[PDB]
Each structure stands twice: as structure tokens, then as C-alpha cells.
Amino acid sequence: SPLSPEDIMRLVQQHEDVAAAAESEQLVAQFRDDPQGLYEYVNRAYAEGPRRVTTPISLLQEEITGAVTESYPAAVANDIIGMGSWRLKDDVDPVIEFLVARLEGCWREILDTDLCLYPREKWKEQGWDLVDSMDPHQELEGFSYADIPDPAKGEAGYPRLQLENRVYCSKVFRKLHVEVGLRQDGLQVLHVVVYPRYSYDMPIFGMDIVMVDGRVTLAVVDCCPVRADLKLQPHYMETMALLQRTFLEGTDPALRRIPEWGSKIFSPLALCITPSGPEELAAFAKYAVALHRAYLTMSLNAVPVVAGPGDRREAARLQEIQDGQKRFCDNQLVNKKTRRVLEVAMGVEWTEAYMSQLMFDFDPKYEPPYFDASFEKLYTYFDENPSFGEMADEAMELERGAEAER
Amino acid sequence: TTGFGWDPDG
Amino acid sequence: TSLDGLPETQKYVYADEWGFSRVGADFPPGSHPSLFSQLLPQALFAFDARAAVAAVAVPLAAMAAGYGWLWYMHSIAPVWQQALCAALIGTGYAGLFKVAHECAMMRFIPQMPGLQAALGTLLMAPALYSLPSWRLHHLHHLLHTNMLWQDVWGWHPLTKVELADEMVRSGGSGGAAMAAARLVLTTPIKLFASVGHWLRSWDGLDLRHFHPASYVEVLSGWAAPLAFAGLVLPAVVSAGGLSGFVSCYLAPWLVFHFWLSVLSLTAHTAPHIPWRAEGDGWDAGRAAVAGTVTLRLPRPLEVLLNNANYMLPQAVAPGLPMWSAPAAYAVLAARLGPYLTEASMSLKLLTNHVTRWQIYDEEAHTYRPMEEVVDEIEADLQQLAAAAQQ
Ligand SMILES: CC(C)CCC[C@@H](C)[C@H]1CC[C@H]2[C@@H]3CC=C4C[C@@H](OC(=O)CCC(=O)O)CC[C@]4(C)[C@H]3CC[C@]12C
């Protein structure tokens with residue numbers, strides 16, 4: 001009838017695994033009901049229309065002269081901005097334009113209470129936010145993309161390569177980095193990578209597009225593990241599979257090949273494709289968009305992994321997080337396609353520095369800070385729910401008792 | 001009045 | 001876990017030497033004292049009116065009978081009749097005070113939170129106790145149960161290195177502090193040490209110890225006690241004179257404080273229970289179930305004090321009502337029998353608490369007599385002085 005010191009440990013395991021399963025189910029429960037809305041949110045926002053702002057000042061202005069003030073949901077807003085003020089637009093392919101606009105709009109709409117910009121002395125003071133191969137020493141103050149014409153064939157500097165980066169920090173994420181590069185021969189790339197902070201146990205997000213004369217030659221998207229076992233959490237795998245069923249249906253499964261450098265980082269559900277026609281490209285685009293949005297909405301509810309003194313389990317977990325992040329970091333710079341693209345034009349002495357400080361830098365002792373601006377949520381709130389100052393109440397009771405005379 | 005963009009719905 | 005796994009024969013002879021009815025088995029780390037709440041049937045958390053009204057009106061009737069008996073012969077009674085009435089009234093008030101301590105943790109009548117908070121405040125008032133400070137201190141106890149340097153709202157034991165530090169800090173055992181410690185932990189006044197706990201409430205009467213969004217509630221909590229000792233305590237004296245005060249108030253007060261102090265002291269002190277500092281081997285479920293004791297009462301006293309000795313059935317289930325505390329224990333022995341610890345009312349147990357178990361040593365991880373400990377740390381002073389002559 002009584003129990004033994006071994007089944008009570010069985011009981012604690014029962015309870016804790018049940019709780020883990022419960023939270024993992026709660027994560028996916030929201031996506032499960034309608035997955036098509038992970039891509040179709042913009043069209044719905046457009047359908048519902050403009051909203052009429054009703055603050056006391058807005059109503060007063062509207063009743064004095066004539067003016068109606070309108071607002072829009074953040075999805076419609078990030079579709080009017082587009083590839084807004086990138087300096088290298090107008091030479092970027094329309095597919096890369098679509099993808100960059102969507103990704104950065106997601107970052108701006110979902111993480112808008114902690115999204116800082118990465119510390120400027122790391123990347124933006126050296127001048128790595130806009131890089132030209134005809135002006136590596138930056139003596140044209142960063143207008144080389146306009147002052148210098150394109151070299152002709154066989155001339156010194158052919159083929160010309162130019163890069164544009166953007167880097168952000170946040171609460172959960174220690175680096176959200178997007179980068180677009182163009183070469184003169186007709187090659188365009190796009191490289192996105194989202195890194196969580198060392199104290200969190202989440203997988204890294206990554207996306208690459210590489211297209212040649214308007215034809216996508218390589219498109220890879222991966223929510224890549226961080227553990228030594230290379231298996232994600234139940235919600236990550238469940239979401240990737242549900243999304244592949246929703247968007248990649250009717251598509252060649254034998255196309256998601258594993259490259260020689262892939263299985264060392266690839267989650268079993270990672271995608272690597274060389275699209276054939278418009279259908280493959282449209283399906284892949286919708287799928288990558290929905291996957292990125294899901295990854296962010298899942299991070300929205302994350303809790304740090306804290307190692308209390310006396311608990312070694314969490315210390316080992318944090319060590320594992322460090323190993324996985326660094327493994328991915330030095331395993332990505334051996335994607336020597338883009339690295340040789342860079343080193344054939346910019347040299348090697350500049351490339352080592354730029355790559356080791358920005359591209360896939362790893363510094364467990366260094367994660368930047370962030371700026372918590374959630375109090376603004378209060379101000380905006382109290383602009384649609386104002387309270388007036390103890391004298392308007394007498395007057396309003398007067399008005400109510402007066403009009404109700406009828 | 002034209003799009004000139006690219007969307008996966010043609 | 002101090003005298004853990006070894007043949008049960010020596011643990012039984014230890015239990016007979018100490019008056020204990022049992023000594024616990026081995027408990028492994030990594031558990032939560034809320035685990036074993038999954039065992040109890042889903043009817044042990046039930047609500048019913050008759051049991052609660054009995055639990056509140058029976059010790060009330062005891063107190064009322066005692067007062068009526070006294071006021072019948074107000075001051076012409078002899079000494080031991082007075083002692084009998086004082087003991088009876090103090091026991092009735094200990095029962096009413098356990099009802100109070102129930103409604104303080106919100107598990108008496110969760111149907112009416114306001115009425116039950118008012119009841120707890122009203123019933124705590126005559127003993128000069130503030131409901132919210134009591135609730136804070138009791139949760140702070142539950143969280144640090146049997147932890148060293150951390151649970152000061154329980155029976156924090158006095159250790160060895162600190163007593164040597166005070167020995168050097170006073171320049172011998174002849175200062176006021178050492179004499180006070182000796183006289184308080186050696187004579188039966190220890191059985192009333194809960195009085196000191198009552199002086200450690202009113203945390204300097206200082207709101208700087210609390211959370212600002214709670215100020216207006218803490219002050220009202222200090223109001224019902226003060227108001228009492230500002231309104232009723234005069235009236236009594238006015239209508240009874242000094243003696244008439246030492247009779248109808250002070251003696252039931254000392255009775256209730258005796259009951260409180262002995263309940264706690266015997267519930268969480270024993271030689272087979274170590275006091276570890278966390279980081280140096282502490283655990284929640286271990287120091288909860290393994291480092292505890294449950295005491296036995298006669299069923300008259302158990303219906304009077306309102307199950308005042310069952311502290312574990314409501315430490316595994318903080319939301320377990322009061323009329324179900326024995327029944328739940330019936331289940332627990334069915335499951336964790338070997339690890340439980342039990343004891344009974346015996347003047348031998350109290351005498352060993354008074355004379356034998358006085359100072360806690362962390363080396364042997366057990367309690368020792370104070371005169372032997374004091375002579376031996378005087379001997380260690382001789383040792384360090386011998387190392388200091390050169
Ligand atoms: C006189 C009797 C019959 C009626 C009830 C009186 C109580 C309400 C009094 C008597 C003893 C008082 C306590 C005596 C000592 C102190 C310490 C004192 O605070 C300090 O000394 C601050 C801390 C410090 O000095 O280190 C004031 C609060 C308190 C708990 C007092 C609170 C009010 C108490 C409990």
C-alpha cells in the first residue's frame with residue numbers, strides 16, 4: 001500500500017511532463033483553428049477598411065470644421081511603406097522587395113514595444129550599413145551608389161557588388177539581421193537570420209534567397225534547432241508540419257534536399273528548394289511568410305530559462321544553448337557561396353573583419369541591451385478612454401435632465 | 001494606378 | 001532527514017527514548033509538498049454548514065461556561081478553581097483562534113470572503129493579533145519551512161557558531177544577553193516563548209516593511225487590536241480593579257499563548273530533524289514532510305481546539321478545510337506511512353524539550369543540552385586561547 005523512493009520520482013516526472021505537454025499544446029492551439037490567416041492577414045485588414053479615430057480632440061476638430069481623421073491597422077500601414085527608404089531600392093528584384101517588406105513589417109508590428117536598433121558603434125559607424133566595391137574606403141561619404149557609374153566589361157572593378165544591411169535588437173532576440181546584396185552580372189541575394197538571446201531556449205530562424213536574372217536559383221528556409229539532439233520542441237515541429245500541409249500542398253516533396261552542410265543545422269522539416277515555375281515560387285513565398293510570422297507570435301510568450309543557485313539542470317541547459325548557437329554561427333560562415341561573393345570583390349582583410357563582427361559574430365559575454373517602451377500603451381489607451389475633470393459631470397447631468405424633458 | 005509590384009496571387 | 005536509513009530497531013528505541021510514536025523513513029530530493037494532494041478524494045475539499053458552526057460555537061460555549069462559573073463567584077474562589085476556569089477559557093479561545101487562523105488563509109468559508117475576513121479580524125482582536133501580518137508571516141513560514149537563517153517566523157533554533165560569536169562579543173557568559181538566553185531556553189517559561197513572537201508582530205509599527213498598494217489594509221489590520229486594547233481593556237479594569245484584570249483577561253491570555261507555543265514547538269522540533277541552509281542541502285518536500293511531527297490529543301481536546309494539531313494535512317493541501325483535517329490524515333498514513341513522524345502528549349517530551357534539546361549543533365545536526373554545550377564551548381575558548389598564548 002505505501003510507496004517507495006522510486007515511484008515518487010516517477011510521480012514528479014509524470015507531473016512535469018504533463019505540464020510541459022499542456023503548455024506546448026497551448027502554444028499551437030491558436031494557429032490550429034485557422035492557418036490560412038498566417039499569410040492572409042493583410043487582405044483581411046484591407047477588407048475591413050479605414051477606422052474612424054474618436055478621441056475628444058478628433059471629434060472636436062471634426063465638428064468645428066469638417067475634418068475626419070482615419071487610422072489603419074499596422075498590416076495595412078507596413079504595406080503602404082513597402083521597401084520604404086532603403087537606399088538600394090529601384091535595383092532590387094520584385095520578389096526580394098516583397099520578402100523584405102513583409103519581414104520587416106512583421107518585426108515592426110509584432111515586436112513594437114522593445115525593438116531597439118542595434119548599437120551604432122558596432123556596425124553603422126564603420127559604415128557597414130551600405131557597402132560598395134568601387135569605394136571601399138568611403139571617401140564619397142556614402143553616396144558612391146550615385147556618384148560613380150557602372151564599370152564596363154573588362155574594366156577595373158567589374159563586376160561591381162553592393163550590400164545593404166539592417167540590424168535590430170529586442171527583448172527576446174539579440175540580433176535580427178536583414179541584408180540585401182546586388183552584383184553587376186545579374187545576381188541578387190537576400191539573407192535573413194533571427195537569433196534569440198542566450199537565456200532563452202528557442203531555435204534560430206533563417207532564410208536565404210538567391211536569384212539570377214529574375215529566376216530564383218536557390219530558396220532555403222529553416223527554423224533550425226539549438227540543442228545537441230537536433231529536435232525542436234513539439235510546438236515548433238507541429239507548426240512547421242501544419243504549415244507545410246497548408247501551403248506546400250501539391251508540391252514536389254523530393255525537392256527539399258539536404259545539402260552537405262545542411263543536416264548539421266537542419267531541422268528534419270527544413271526546406272531547401274530550387275523552384276521551377278510561378279506556382280512553386282508563390283507557394284514557397286506564402287509558406288516562408290507564414291512560418292516567420294508564426295515563429296514571432298510564438299516568441300511573444302516566451303519565458304527565460306533561469307539557473308537558480310542549487311540547480312545544475314538549468315546550468316547545463318544554458319551551456320547547451322550556448323553550444324548550439326555557436327555551432328550554428330561558425331557553421332553558417334562556411335556557406336562559402338556568399339562569402340566568396342564577398343571576398344572576390346572586397347578582398348579578404350576587409351571580409352574577415354566585416355564577417356567576424358557582424359555576419360555571424362558570436363560573443364556569449366556580449367548581448368546588447370534593449371529599450372522597454374510599453375508605458376506608451378497606457379497613453380494611447382487613455383486617448384480613447386479619457387476622464388474629464390469633475391466639472392463636466394455636473395454639466396452632463398444638466399444636459400441629460402434637460403433633453404429628457406421631452 | 002498600376003501595381004508594378006509582385007504578389008504570389010498574380 | 002538526520003537519523004535516516006538504518007534498522008528500524010534503533011529508530012524505535014530512539015522513539016521510545018524521546019517519547020516519539022514513530023521515526024520517519026528516507027525521503028529523496030526533488031519533490032513538491034503539493035504533490036501528495038493528488039491522492040486525497042475529491043470530497044475531502046467539501047463545504048458544509050453544521051461542522052463549521054460547531055467548530056465556532058463549541059469553544060465559544062466552553063469560554064461562556066467558564067466565565068459564567070467565574071462571575072458566579074467572581075473573586076471568592078480559591079486559587080486552583082481560578083486556574084481551572086482560566087485553563088478552560090484559554091482552551092476555548094485557542095479553538096476560536098484556530099477558526100481565525102483558518103479564515104486568515106481564506107479556506108474557512110470561501111463563499112463569503114468579506115464576512116470571513118471580518119470574522120477573522122474580530123476573533124483575532126481579543127488576543128491582540130493583526131490578521132494581515134499574521135497571514136504574511138505564515139506564508140513566509142510555509143515558504144522557508146525548516147530552512148536555516150530564513151524561517152524566523154517559526155521556531156528558529158539557536159546554533160553554535162553564533163553562540164560562540166556572542167560569547168566573544170559579550171566578553172564572557174556574564175552579560176545580560178547570555179543570562180537572558182539561558183533563563184529563557186532552560187525553564188518552563190520557554191513553553192510561553194510565543195509571547196515574544198507577539199512582540200515581533202507590529203514590525204516596529206512601520207509601513208516601510210510592506211508594499212505601498214497595501215498600506216490602507218495593513219493599518220486597518222493594526223486598528224482592531226489597538227482599538228480593543230484602547231476600549232475594552234480599560235472598561236474591564238474600571239469595573240474589576242487590578243485583581244479583577246489578572247483574573248478575567250490575563251490568565252486566559254497566558255493559557256492561549258501556552259497552547260500556541262507548545263503546538264508549534266512540538267510540531268517542528270525534534271532531534272531527528274536537521275536544519276540545513278539552502279544551497280547546503282535543502283528541499284521543499286523533504287523539509288516539509290520528513291522534518292515534521294504530528295501530535296495526538298484526546299477527542300474532547302480535538303473537538304475543542306478544532307483539530308489544532310493537524311498541521312501536515314494542510315501543508316500538503318493549503319486549501320483543505322478544517323473539519324476534514326483528521327480524515328485526510330487517515331489517507332496520508334495509507335501512502336507515506338514509513339516517512340511520517342508522530343508523538344503524543346507527555347510531560348516527558350516537554351521535559352526533554354526543556355532540559356535535553358536546547359542548543360542545535362550543525363556538526364552532529366541535532367539538539368544538545370545547554371550546560372554541556374556552554375561548558376564545551378568554554379573549553380573550545382580554552383583551546384583557541386591555548387593557540388593564542390604564543
Ligand atoms: C498595555 C497593554 C495592556 C495594552 C496593549 C499594548 C500593546 C498594543 C503594546 C504594548 C507593547 C508594545 C510594543 C513594544 C515594543 C515595540 C517596538 C517599538 O519599535 C521599535 O522599537 C522600533 C525598532 C527598534 O527600535 O529597533 C514599537 C512597536 C512595538 C512592537 C510595540 C507595539 C505596541 C505594543 C504591542
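Start at 1 and go down the list; that is how both ligands and their atoms are numbered. The sequence lines fix the lettering, A, B, ..., with proteins before strands; numbering per chain opens at 1. Any value given below was found using the heavy atoms of this structure, including those in side chains, with hydrogens, waters and symmetry copies removed.
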*Distance-only polar pair, side chains of C:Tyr367 and C:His353, donor-acceptor under 3.5 Å*: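 No, because no side-chain N or O of C:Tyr367 sits under 3.5 Å from a partner of the opposite role on C:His353.
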
Heavy atom of protein inside 4.0 Å of [atom], strictly below:
atom	result
atom 19 (O) of ligand 1	yes
atom 5 (C) of ligand 1	yes
atom 24 (C) of ligand 1	no
atom 30 (C) of ligand 1	yes

Closest approach of any protein heavy atom to [atom], naming residue and atom:
atom	value
atom 8 (C) of ligand 1	C:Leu226 CD2, 3.9 Å
atom 22 (C) of ligand 1	C:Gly204 CA, 4.2 Å
atom 2 (C) of ligand 1	C:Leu233 CD1, 4.5 Å
atom 9 (C) of ligand 1	C:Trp198 CH2, 4.7 Å

*Measure from the ring center of C:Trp253 to the ring center of C:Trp198 and say whether it is less than 6.0 Å.*
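So the answer is yes for these two rings.
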
_Aromatic contact, C:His74 with C:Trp69 (centres under 6.0 Å)_ =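 No, they do not, as the ring centres are separated by 6.0 Å or more.
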
*Of the listed options (C:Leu199, C:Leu205, C:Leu128, C:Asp203), which comes nearest to atom 14 (C) of ligand 1 when hydrogens are ignored and any heavy atom counts?*
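Shortest heavy-atom distance from atom 14 (C) of ligand 1: C:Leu199.
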
*Apply the test ring pair (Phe, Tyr, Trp, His ring centres under 6.0 Å) to residues C:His137 and C:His141: give CA-CA distance (whole Å), side-chain angles for both, the deciding distance (0.1 Å), then the verdict.*
CA-CA 6 Å; C:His137 297 137; C:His141 167 61; over 10 Å; no

*Return the set of residues passing ring-ring contact (aromatic ring centres under 6.0 Å, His included) with C:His209 (not counting sequence neighbours), or none when no residue passes.*
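Listed in chain order: nothing, the list is empty.
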
*Just jot down the ligand 1 atoms closer than 4.0 angstrom to any heavy atom of C:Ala229, in number order.*
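Counting from 1, the qualifying ligand atoms are 4 (C), 5 (C).
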
*asked:* Test of understanding: with side chain to side chain contact (heavy atoms under 4.5 Å, CB included), list the residues that count as partners of C:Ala100, not counting sequence neighbours.
replied: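 Expected list: C:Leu123, C:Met124.
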
*asked:* Check this for me: C:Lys98, atom NZ, are more than 12 non-hydrogen atoms of other residues, nucleotides or ligands nearer than 6.0 Å?
replied: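 Atom NZ in C:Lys98 is packed in, count exceeds 12.
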
